[PDB]
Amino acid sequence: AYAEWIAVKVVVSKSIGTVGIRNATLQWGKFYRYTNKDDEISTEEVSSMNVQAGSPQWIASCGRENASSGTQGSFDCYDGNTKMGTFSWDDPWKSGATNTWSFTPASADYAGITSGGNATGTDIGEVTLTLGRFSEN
């Protein structure tokens, strides 16, 4: 249902400049133009987004309307040709389960730090994903 939703704020550091959102996939639900759940966006369009440092953009997904299922999917983040990592989430419809989400870095050259999100809510809600390029101390 629409009540199961996540919205990911993609924050690109000046250490990267531009992040390509690629390889978006959904096991359940749809993508939508935040904040309007009726304005569906294709997986191809999400997978064409370029996010610029200083101007965050949102990737939002919800369950299909009136469906007894939630939203579950992923997208990849790229620095040019180089994979940075993958953001994934699971927001089930049935009660008695925990919502999950994560960024998994492809290497220690990049990090994606998350803040916010409801682990036990009907919805995950808003999660901020802050992406940067790093070197070992």
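The first residue of the shown sequence is 1; numbering continues from there.
Stretches 125-133 and 112-120 differ in mean C-alpha B factor, with the higher average recorded for 112-120. Legend: mean Cα B-factor per stretch from the PDB entry, 102-110 versus 88-96; the higher mean is in 88-96.
Taking the PDB entry at face value, the top CA B factor among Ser48, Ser68, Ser55, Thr71 belongs to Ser68.
The top Cα temperature factor in the record, among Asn36, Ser61, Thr82, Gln27, falls on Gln27.
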